[PDB]
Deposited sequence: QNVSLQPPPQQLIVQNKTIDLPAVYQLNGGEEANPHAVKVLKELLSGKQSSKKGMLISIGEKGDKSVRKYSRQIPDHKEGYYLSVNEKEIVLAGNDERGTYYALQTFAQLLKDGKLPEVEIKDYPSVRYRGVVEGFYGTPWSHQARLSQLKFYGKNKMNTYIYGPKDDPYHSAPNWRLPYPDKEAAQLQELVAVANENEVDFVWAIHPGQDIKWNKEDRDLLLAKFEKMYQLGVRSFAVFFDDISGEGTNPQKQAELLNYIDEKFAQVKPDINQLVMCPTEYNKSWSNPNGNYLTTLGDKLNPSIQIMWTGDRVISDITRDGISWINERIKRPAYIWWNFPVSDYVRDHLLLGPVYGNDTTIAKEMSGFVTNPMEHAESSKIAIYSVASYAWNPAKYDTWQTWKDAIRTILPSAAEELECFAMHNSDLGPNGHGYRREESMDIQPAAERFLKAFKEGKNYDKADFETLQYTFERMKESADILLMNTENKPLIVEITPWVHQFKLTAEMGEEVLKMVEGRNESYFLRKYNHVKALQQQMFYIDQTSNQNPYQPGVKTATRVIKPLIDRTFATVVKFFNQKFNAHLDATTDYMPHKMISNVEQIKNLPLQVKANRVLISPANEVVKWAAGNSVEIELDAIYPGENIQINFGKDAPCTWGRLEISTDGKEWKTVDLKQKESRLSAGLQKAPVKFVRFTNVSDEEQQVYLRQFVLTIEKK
């Protein structure tokens, strides 16, 4: 597969060996970044096969000047028995030719091909713009290299929880250590043909005075000294005076006129509006029209679609584009998981109109705090933004996985296939999950509940799935090819294995040969539920959506409902009182929940499993601080906080 796929490809089924001896033409005139990649692949003389490299206008590629597409970042690539051609419309084009060339080379051999290629969307890449733990320095380094390989030309640095990015320390220069890291990032970005865009997020406490304006420009100047050549100002997720669009526009134009248009070498200048998606816009207010009218024409305006989280439609992007008077620079909120932090979002990229490239200036993905894990979606977004007309949702997902974890690709697909949906949430955004087994699941459960006979084949499909999930979990746990990825996903991988083991035991209950066997399967299931509760209380204990949820759309519900159904049938058959509940709750009481040190009833009496010091109660139909009073029972949202 070539990823992204080129705009035009012509293949011939001859192949050539890569030349043992060869003549490199244009080595000194061409993009040094592209020559460096080429020299690595060759690891030469006057005699032997000709390799021509260079940009349109160089002597090296004069013969090919009409084949080179007249598009920024375009290139012409050709392989035949006599010569190899690697010719960009511009320097970035040449690097990209090389990235394509690297994907052709296979066991020291190349296909005979001719490619003319270029991107459909001008700016393509990643905004590190989420809430939560910002990416590590090493993660960022890995990322920038990954962007070069996938022709992503943009990295927008904007972690909401970097205090030198947002309030109040947006006014302070980075300390020495962080500055030296940022400097290395910029350098690595430059080597991979990525624009490091430094963003600032000053709007929550900005004063519309000289003092704050000069501090902002002084901060941009410090970043410039660090090598930064592109800049952004974000006015998202704020209130008060900073949402004034006249002021915002004047500030951006001042930055443009006094800094961007005054330096020798500034590239992108981007802003994120306060009204950044249609549901947050006031159609009857002047906010977006004031930006579209006043903002200088080279300044980009970001947009996340019809909602905070949405996929981009033709109608949606028309609506914004008419108000801002330019093509929106898309901020796509997937695979960002900062509002469903107990889920991993490892499914394919899909839902964005593939015919609307002309209507967008840019397309950037906001990723998860899990940097390695995000590469599935990043790789896919790179493919989509480069060649949206040829974008293949599923093949690109598979290619991403095989790229990221070639030693355990099938295992990663298995894990990812069942870790895709968000579950219920306030943004209303959902993804498909476990689609291959969903119909067998649905039939199995329909039959079973009614007291009709299930299909054998559907029982086997479910069994095979659980088996494969265990194989995948254990193999991924031990994988040393991408350790950082394995560290990110490990808690989820544990929870995923438990889920599968639970499924297997629940299926053994359905089969349920005798009373003694059934009861042993039942007790095993209860212990696996407890184990899943332990992971959910000890791993990933963030303040917002703590814990670890996996296979939530189809698999866990199947297991749970099946478990509840067989327990009921057993109780009817044997007049028993086996507990039918599916999540472990050590307290007693509408299931209770445990979140960090809170004990909630799900929206008269709760008994805790020990005595605790009580902190407060917050009922809602409204609170009461309990001064560390010892507490086991409570009687009358409905949340008890304790010390634990």
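I have the full deposited sequence and the modelled structure. Can you tell me which residue ranges, counted from 1, have no C-alpha coordinates?
No coordinates exist for the deposited residues in 1-3, 47-49, 596-604, 619-630, 649-679, 695-707, 716, so these stretches are absent from the model.
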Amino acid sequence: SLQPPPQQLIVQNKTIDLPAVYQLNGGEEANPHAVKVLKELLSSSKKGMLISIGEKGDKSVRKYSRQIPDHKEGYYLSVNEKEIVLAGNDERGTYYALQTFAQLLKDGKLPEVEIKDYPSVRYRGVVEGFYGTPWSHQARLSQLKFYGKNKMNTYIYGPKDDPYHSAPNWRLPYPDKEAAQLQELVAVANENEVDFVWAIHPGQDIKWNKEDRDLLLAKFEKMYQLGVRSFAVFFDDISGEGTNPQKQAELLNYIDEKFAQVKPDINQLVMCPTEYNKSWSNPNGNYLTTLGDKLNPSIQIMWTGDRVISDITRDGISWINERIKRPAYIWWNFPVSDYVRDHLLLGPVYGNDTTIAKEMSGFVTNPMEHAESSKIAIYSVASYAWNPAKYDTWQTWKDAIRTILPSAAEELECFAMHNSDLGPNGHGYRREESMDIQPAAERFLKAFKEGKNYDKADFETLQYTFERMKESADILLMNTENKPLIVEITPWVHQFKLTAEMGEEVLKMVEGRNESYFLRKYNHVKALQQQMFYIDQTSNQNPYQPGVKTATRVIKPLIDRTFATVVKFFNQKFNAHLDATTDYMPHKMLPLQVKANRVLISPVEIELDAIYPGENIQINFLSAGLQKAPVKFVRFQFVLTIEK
From here on, numbers count along this sequence of modelled residues.
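Superpose the two forms; the largest set of C-alphas matching within 1.5 Å is the rigid core.
Give, as the answer, the stretch of 275-283 and 541-549 that departs more from the shown form in 7 other deposited structures of this protein; the measure is RMS Cα distance after a core fit.
If we average over structures and residues in 7 other deposited structures of this protein, the farther stretch is 275-283.
Would you please confirm whether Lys46 lacks atomic coordinates in a third or more of the other entries that were compared?
In at least a third of the comparable entries (those modelling both sides of it), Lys46 has no coordinates.
Mean Cα B factor from the PDB record: higher for 364-372, or higher for 303-311?
Comparing averages over the C-alpha atoms only gives 303-311.
Which is higher in the entry, the mean Cα B factor of 136-144 or that of 183-191?
Comparing 183-191 with 136-144, the higher average CA B-factor belongs to 183-191.
Between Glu413, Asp162, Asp436, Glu442, which one tops the list for Cα B-factor in this entry?
By C-alpha B-factor in the record, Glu442 ranks first.
Out of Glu83, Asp237, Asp536, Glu504, whose C-alpha atom has the biggest B factor in the entry?
Each of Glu83, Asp237, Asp536, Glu504 was compared by C-alpha B-factor; the highest is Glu83.
For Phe466, return the chain-relative third of its C-alpha B-factor as stated in the PDB record: lowest, middle or highest.
For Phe466, the deposited C-alpha B-factor lands in the middle third.
When the deposited Cα B-factors of this chain's modelled residues are ordered and cut into thirds, is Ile266 in the lowest, the middle or the highest one?
CA B-factor rank for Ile266: lowest third.
Relative to the other modelled residues in the chain, which third contains the C-alpha temperature factor of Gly285: lowest, middle or highest?
Answer is highest: the recorded C-alpha B-factor places it there.
So where's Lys497 on the chain's Cα temperature factor ranking, which third?
For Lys497, whose C-alpha B-factor we compare with every modelled residue in the chain, the answer is the lowest third.
Lowest, middle or highest third: where is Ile320 by C-alpha B factor in its chain?
Middle third, going by the recorded CA B-factors of the chain.
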